[PDB]
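Protein chains in written order, with UniProt numbering: chain A, 2 to 201; chain B, 2 to 201; chain C, 2 to 201; chain D, 2 to 201; chain E, 2 to 239; chain F, 2 to 239; chain G, 2 to 239. Presented below is the structure to which this report refers.
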Amino acid sequence: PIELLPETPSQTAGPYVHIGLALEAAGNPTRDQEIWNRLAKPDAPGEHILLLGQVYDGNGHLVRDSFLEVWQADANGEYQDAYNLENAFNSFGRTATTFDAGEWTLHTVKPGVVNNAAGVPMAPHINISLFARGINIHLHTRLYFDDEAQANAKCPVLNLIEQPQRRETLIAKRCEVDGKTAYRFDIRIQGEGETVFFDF
Amino acid sequence: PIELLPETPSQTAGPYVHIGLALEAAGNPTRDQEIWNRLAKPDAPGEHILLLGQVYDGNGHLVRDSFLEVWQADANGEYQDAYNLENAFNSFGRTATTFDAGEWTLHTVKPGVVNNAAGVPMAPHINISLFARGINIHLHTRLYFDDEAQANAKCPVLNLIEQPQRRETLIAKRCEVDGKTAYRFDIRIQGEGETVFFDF
Amino acid sequence: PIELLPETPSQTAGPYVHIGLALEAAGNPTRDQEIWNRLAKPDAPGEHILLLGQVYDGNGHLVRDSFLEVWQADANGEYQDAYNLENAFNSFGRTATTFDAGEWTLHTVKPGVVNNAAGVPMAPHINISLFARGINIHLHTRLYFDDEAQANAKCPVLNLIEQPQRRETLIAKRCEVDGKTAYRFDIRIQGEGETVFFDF
Amino acid sequence: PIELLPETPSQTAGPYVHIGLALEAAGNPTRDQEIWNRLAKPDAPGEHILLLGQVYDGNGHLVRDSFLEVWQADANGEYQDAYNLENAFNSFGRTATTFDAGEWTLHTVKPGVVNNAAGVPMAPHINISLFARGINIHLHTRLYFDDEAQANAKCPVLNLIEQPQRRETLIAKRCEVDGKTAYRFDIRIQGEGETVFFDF
Amino acid sequence: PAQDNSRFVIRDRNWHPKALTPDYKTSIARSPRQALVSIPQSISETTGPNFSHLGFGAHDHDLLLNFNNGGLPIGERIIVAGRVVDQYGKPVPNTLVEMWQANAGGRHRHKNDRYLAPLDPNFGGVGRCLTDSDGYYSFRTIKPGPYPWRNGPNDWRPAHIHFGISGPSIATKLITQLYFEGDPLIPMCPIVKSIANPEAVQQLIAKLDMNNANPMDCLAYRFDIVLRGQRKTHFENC
Amino acid sequence: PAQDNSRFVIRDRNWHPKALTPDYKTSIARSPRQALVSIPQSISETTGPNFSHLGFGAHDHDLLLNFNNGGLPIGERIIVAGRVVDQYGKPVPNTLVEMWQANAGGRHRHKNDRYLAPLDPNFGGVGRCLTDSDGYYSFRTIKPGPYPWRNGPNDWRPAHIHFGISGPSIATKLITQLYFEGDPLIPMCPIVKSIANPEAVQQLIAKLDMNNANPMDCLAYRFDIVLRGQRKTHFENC
Amino acid sequence: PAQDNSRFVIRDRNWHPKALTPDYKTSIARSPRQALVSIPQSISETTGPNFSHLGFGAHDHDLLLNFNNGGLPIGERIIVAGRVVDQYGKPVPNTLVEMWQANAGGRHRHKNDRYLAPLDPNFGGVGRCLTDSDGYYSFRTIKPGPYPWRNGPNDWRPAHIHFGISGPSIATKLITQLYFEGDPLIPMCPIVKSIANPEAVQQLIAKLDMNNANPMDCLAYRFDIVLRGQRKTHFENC
Ligand SMILES: [Fe+3]
Ligand SMILES: [Fe+3]
Ligand SMILES: [Fe+3]
Ligand SMILES: [Fe+3]
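Structure representation (C-alpha cells):
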C-alpha cells in the first residue's frame, strides 16, 4: 500500500504542563498576550454562559493537574479562526484545574448550530481536548447542553453512540452561579459513568 | 514434542450471522428445512418446558445480535444425534436475540440424567454455545435447573468450580410464561455476576 | 496459488520411433498382437473408407519418419475404448510414413456425430496426434470430410478458428482408389497452408 | 551512467479499445464532444481529400479491430495543436476499422510542407499511430502521396530508408470515391510488402 | 443414540484469537474477565448432531441460483471448494458446512446493513453443503467485495465469506472466516489481527485454484478446514 | 501553431514489451518481422494536440454517474487517482487521460464480448479526465473483475483498467493497463509477461491508497504514470 | 462405449519443451509458425483406449528374453521400475507403457541406423507393460549406450530409453525419454536443453534404486511418470 511520512508520536503533557501553557495557573509571571479562559468579552452577541466542571480518574479521585482546550462556534454558528485578543469573541480558549482550584472555569457564549459534511445540523456543542500526566495521547470529547433536548435527539454525532446511557455523559447540567447562567460538565476518564471520547 | 496439523483459527460470527444461520430472524425468506428453536414437538415424551433469557455485556447492556446453539439429552437421558425434522425430539437446536426480540426463546423438554466418563451421574443440563460480534471464539456454558437442587449439589462438573457463588450463575430460575413451565437463564459475558464459561 | 505435481515433460519420439511403436514398418519381426492401421474389419457397420495423406515440413519437403495415432467414434457416434483385436471395430489405431512409403494409410469407417460438453453436435471428425523427430511435443489436429459441408459449417470446434481460410486445412478431399471410397489428408506442419493444430 | 525515472511500460490497446476511444464504433452512445475522423470542416482552406485503407496481418488477413490516430499539418504547413470542435481544421483525429466496416476513413485536407530540425523541407505527410490487440506497443508510420513524386524524392526522412522498394509502402495511391479526391493507404504489419514503421 | 468412545485434542487457545483484543472495539465489553473453567470430556461434549437426514434443496450450495428473481448475479463467478480434515489428517465425512457473505459491492441482505452500495436483486448470500465420503465440499458464488464498518474511522473488512463447520461433535464446532489470496486489506484488519501468530492467519487465506476453474466460465479457490483431532479412548478409569 | 523547441528522451524498447511475444498468441501475426527505421525528431514528432478547450461533461470522470439509468453500479466503489510526470520528475499539466474497463463481473459493454457474466444496467465503463496544474487526475469507478479469453485453454486476464495518456506530443502518447495490488493472476497473464523485466511490471501495479479513501464510502488506488522526458534543444545545427 | 465425465488439467506449455528450439536443428522446419487453437474438452478429448484386453506375450516386458537367438544380450543388466500417477498423485491403473532403446553400444535395430557400433544378435530393443492396480510397471533390459548424431559436428545423445504412456485419455498420451543418474552428457544435449526449466529436466532422470536391485544379478533404476491431473466435471452448463 501507499505509505506516507509517519506522524510525530504523542507524549504526555506532563505534571508541569502549566509552566508552558497556563502561566498564571503555574504561579509564574505572564507575558503581554496570553491564550486563556475568556473567549467572550462582556459586549459579545449571544447568550452569555459560564462553564465549570471537575475531572475524575478511575478511582473517583480528582485530577488536579489537567489542561483543557476548547473549540466552539459563535452565536451565529460560525468558527472564528483568526485569534486576536481585541475581538469580542474568539472560538478558541484554554483552561486548567490546579491544586488550589480543582475545578476549571470558562467564560463564553452558547454556540449556534453548525452542519456536518452531509448538511445535517448538529446540536449546539463545544469541542474539548483533554491533556494531563498519565494521558499519553489527548482525549477528544464534546459538551452538549441539557436545555437543548430536541436538538440533542436529532444530532448525527450523538446518535453514533450505540448506547443511550453513554450519550448522557456528554450532556452538561444547567445550574446558576451568582445570577449568571452556568452549565456543569464533569469528566470521568475511567470507570463508572465513563465519558465518551472520540476519534477523528 | 509431537506436533499435529493446527486447527483452523476461529473468527467472530459477525453482526450479520443471521443471514446464514438464522434466516427468518434476518427478515429473509427461509428454505424448506431449517434448524431452529423447536427441539420437541407437542407429542414428545417428557416434561415440556420453555427456555428464555437475555445476554448482557460488560456495561450491563443487552447483546441484541447474539446467536446460540444448544445440545441436550432427551427425557430418558439419551443424545439423539440423527437430526431429522420428522422426529418428535431433536437434541440440537439454534436460537437468537434480535433488535425486535432482544430475548431468545427455546421450546424443549427437561433433559434426563447422563453419566460422565467415570460413571458418576451429572445433573440435568443443557450445553450452550454463544456466538456474536465481538466474540472471537465462541463461549461454552451449561444451563442447570433450580428445582434440581439435590442433583446440582452432587454434579461432578458443577463441583469443579471452586467458588459456590459462581455455580449459581449456571442455574436457571423457574418461572411461568402463559401457564407453561419456564426457566430463565441470563448470560452475563463480563463483569459483576459473570457467567461461568467452560473449556474442554 | 495451488500447485500440483508437475507433468512429466515431453520429448521427441526420435528417428527410430518405429522400432517400439511400428514394428512392421521398422522392418523388424512383429509380436502376436499389434496396434495398427486396420480399425475396421470388412464386416463392420457403416460406410467403409480408406484414408491417406502425406506430411510436409516448412520447406515443402516430405517427412518420411512421422508416426500418427488416431481416435474416432463408430458409425453410431460411439467411442469404443475397450481395445481388442477380435472386435469388428476399434476406435484407436496407429499409422506411419516410411522412406519406402512416404504416404500413410488407414482403413476404417466414417465416424458418426458426437456432441460436445454443451450438447451441440460436432461434424464427423477424426482426432489425430502427430509424432516425429524435430517435434518436441506432439501435434493435435482433426480430420473433417468435404462431403459433410452442411455439418462442417455448424461445428462448434471448427467455428472456433477465427479465419475461414484456415478451416479448409482440416478438411480432407474425397477421391477414389480402386473402387473404394477414399479421402486425402495432407498435413503441412509449417509455412504456406499450415494445418490448424489444437490445444486442450 | 545517468538513469532517469523509467517510462511507464506499454500494453496492448486490447480488443475492446473502442468502448473508450471510439464510442460510436463500439455501438455505444456518444458524449457531447468526441475526437473522431473529421479533421476538416467543409469551409476549411486547402485541397479537401478523403483517406481510406485496410490493415493486414502476417497471413494477409484483415485486422478488423485496429485503432488509428493521425497527426498532420494544415494546407499552409502549420500544426494546429489547440484542439477545438469549433475550428475549421484540427491537426489531430482518430479513426478505426470495425467488423462492419473493415476499412477506416478519414476526412481531411492535404498537408503543407514543414521543415525538419536542419531546415530541410519534408514532403507532404500524415503521421499515423496504429493500435490493436496483439500490438504491445503502438506502431508509428507516415503516409506520403503519389502525386508528390518530386518532393518525395527529396524528403530527408524518406531517404533514411536504405532500400527504395520499402519507401513505396509509405506512399498512398490516388483514387476516386464518389467524384471526390481520395488516397488509399493499406498497412501491412507483417510479411511480404511490410509497411515501414518508425522509431523516434 | 450416540456413545462416548471419542476424545478430542485440547484447543490451543494461543493459536486461536484471544477474547480481549482492544483494536477490535466490540470485544472490550464482550469478553470474559474471569478465566474459563477447564472440565473433562464426557458424553455431553464428545457427541454432536449428524445432519445426513436433513432435506437439502437442489441449489443450497449454488448461490448463483438459490435466490434467483429472473437473473444472474453481478460479480466474479467463483467456485469455493476444499476438504474438511481433523488434526490427524483423517477426513471428516457427512459434516455440515454453512456459509454466508456480502455481494460484489460489500452489501449484505440484512436490515442492519445501511451501507450505500446497492443490493443485487439476484443474490441472497447463503449456502450450505454436506461433505462427501472423503470430506470434500464445494460452493459456487460470486466474490464478495470489501466493506467499511464503524470501528476505527477508516476501517475496511477484507473480502471474506463466513464459514460454519459442525464436525463430529459440539467440541469440534467452529465458525471462522475465509479470506482471499493477496488481498492488501488482510494485514490491516483488526479482526484478522486478533490472531497473534501470522502462520495462523495463513490458514484462513484461500488460495487461487486454476486446476479447479471451469475454462471460459468461473475461477476457483481452495480452502481446507482443519478441525480438532479425534482419537479413541485408552486407559481411562484404569 | 506549435513550435519545435523540445526533444524527447529515446524510448527503451527493452523495458517496454517486445512486438513478438509468442505466449500472447495474437502477437504472432501482428508483429513486424523487419526492424523499425530510426528517424530524428522534427516538428512532426515533437508536437502534439492540446485538449484544454475540449468540452468535458460534468460526470466524464465519474463512472458511477456517467451512464446512469436510475441507479448505482454493483461492485467495489473505488477512486483511481495519481500523477502524470515525465522521466525528469517534471509534472505534465493539462494533459488527456482516458480510461476504459469491464464491470464487477468482467463483462464489457461491447457487442463482441460474449462472456456469460451479465451487464450492469447502470455501468458504461468509459472515463476521461484532463490533468490539473500539478499533473493530478482522478476517477471514481467500480473495481473490474477478471475475465477469460481465447488464448490458452484456461487463460484469465487480471482485474485491470486500460489507460490512454496523450502528453505534450505524439512521441509521448501511451496506452497501457493498470493492474491491482496483490492480484494472484498478475504473474500468470501472457499480456503482463510480454514485459521481460519484473521491475517494469511493478510500475503497472496500482497500490492501495487508504489516505485517499473516503471513510464509509469508497476505497482508493494510486497510479502514477511516467512519460518520456522532455528537454530543451541544445547545440543543434551547431 | 465411453462417457464424458472427466476433465484434465491444462498443460503448462512453458514447462514442456517449445516447438521451436534452434539448437535441435530438425525442429526448425518441423515446428508450427502459427499459434495453437485452444478448444474446450469434449468426449473426443476426454476419452481414450483401454488396453486391458490386449494379449501381451509372457516376455513382452523382458528385453533380455523377448528377442533371444540362443543367448543373453551383452551389457549392464538393469530393472527399470516405477509408478504412473497423475498430478493429484492418484495412481493410473491398467495403462499402457511402451518403451524402446538401443543396445550397449548405442546401435538401434533399424535400417536407417548406420552407426559403426555393431548389433547385438540377442537384443531387439522393444518392450511393453500394462500397469497394475497401483500404477506400477517394470522392465528388464540392458543399459543403453550413448550415440552420435548429425546435428552439431560433435553431438552425442546421452544414454536413454524412449517411453510412451497412454493414460486414461488421448489428452494424457505422452511420449518422453528417460535419462540415467549422473550421466555428464545430459547438460550438453540439445534435445535435453529444449526444456527451459532445469527442474523439468530432473523429472526425466532415473535414479539408482539399490533397494529394488537383485543381488549378484542386476541393478535397478526408478522412474516415476506424472500424467495430467484428472478431475470430475462440476458446475457445467449451470
Ligand atoms: Fe517533563
Ligand atoms: Fe462479515
Ligand atoms: Fe533415441
Ligand atoms: Fe481488456
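In this text, a Cβ means the ideal position worked out from N, Cα and C, and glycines have one as well.
Residue i - containing alpha helix (DSSP H), residue span
i: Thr-47 of chain G; result: 44-47
i: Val-81 of chain G; result: Run containing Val-81 of chain G: none in the alpha helix (DSSP H); it sits in the beta strand (DSSP E), 78-87.
i: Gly-128 of chain F; result: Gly-128 of chain F -> not in any alpha helix (DSSP H); beta strand (DSSP E) instead, spanning 127-131.
i: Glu-200 of chain G; result: 199-202
i: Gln-166 of chain A; result: 165-168
Residue i classed as buried or exposed, judged by whether at least 16 other C-beta atoms fall within 10 angstroms
i: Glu-182 of chain G; result: exposed
i: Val-121 of chain B; result: exposed
i: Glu-149 of chain D; result: buried
i: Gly-59 of chain D; result: buried
i: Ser-11 of chain A; result: exposed
i: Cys-239 of chain E; result: exposed
Residue i and residue j closer than 9 Å at C-beta
i: residue 322 of chain E; j: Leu-86 of chain B; result: An answer regarding residue 322 of chain E cannot be provided, because it is not within the stretch 2 to 239 covered by chain E.
i: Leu-22 of chain B; j: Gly-165 of chain E; result: yes
i: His-141 of chain C; j: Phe-199 of chain C; result: yes
i: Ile-192 of chain G; j: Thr-13 of chain C; result: yes
i: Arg-95 of chain D; j: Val-64 of chain D; result: no
i: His-62 of chain B; j: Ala-118 of chain E; result: no
i: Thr-173 of chain E; j: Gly-58 of chain E; result: no
i: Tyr-17 of chain B; j: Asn-51 of chain E; result: no
Cβ-based neighbour list, residue i, same chain, cut-off 6 Å, excluding 5 preceding and 5 following
i: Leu-64 of chain G; result: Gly-128, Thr-142
i: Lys-174 of chain C; result: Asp-147, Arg-185
i: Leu-161 of chain B; result: none
i: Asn-116 of chain B; result: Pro-122
i: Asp-5 of chain F; result: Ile-44, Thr-47
i: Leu-171 of chain C; result: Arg-143, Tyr-145, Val-197
Neighbourhood of residue i by C-beta, 7 Å cutoff - its chain only, sequence neighbours within 5 removed
i: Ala-45 of chain B; result: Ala-89, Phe-90, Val-110
i: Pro-147 of chain G; result: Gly-107, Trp-157, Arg-158, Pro-159, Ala-160, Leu-186
i: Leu-66 of chain E; result: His-60
i: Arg-167 of chain D; result: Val-197
i: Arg-12 of chain F; result: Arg-229
Where the beta strand (DSSP E) containing residue i begins and where it ends
i: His-19 of chain A; result: First-last for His-19 of chain A: 19-22, but that is the alpha helix (DSSP H), not the beta strand (DSSP E).
i: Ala-152 of chain D; result: Element bounds for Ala-152 of chain D: not the beta strand (DSSP E) but the alpha helix (DSSP H), 150-153.
i: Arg-175 of chain C; result: 172-178
i: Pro-149 of chain G; result: 148-150
i: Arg-185 of chain B; result: 181-185
i: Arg-141 of chain F; result: 137-143
Q.
Measuring CB atoms only, is the segment 126-137 of chain G touching the segment 42-59 of chain C, in the sense that at least three cross pairs come out at less than 8 Å?
A. no
Q) Can we say the segment 102-116 of chain C touches the segment 52-72 of chain C, given the rule of at least three CB pairs closer than 8 Å? A) yes
Q: Please confirm if the segment 219-238 of chain F is in contact with the segment 78-90 of chain F, defined as three or more CB-CB distances below 8 Å between the two stretches.
A: yes
Q: Check each residue's C-beta against every heavy atom of ligand 5 and list, in chain order, those closer than 7 Å.
A: Ligand 5 is not part of the structure shown, which contains ligand 1, ligand 2, ligand 3 and ligand 4 as its ligands.
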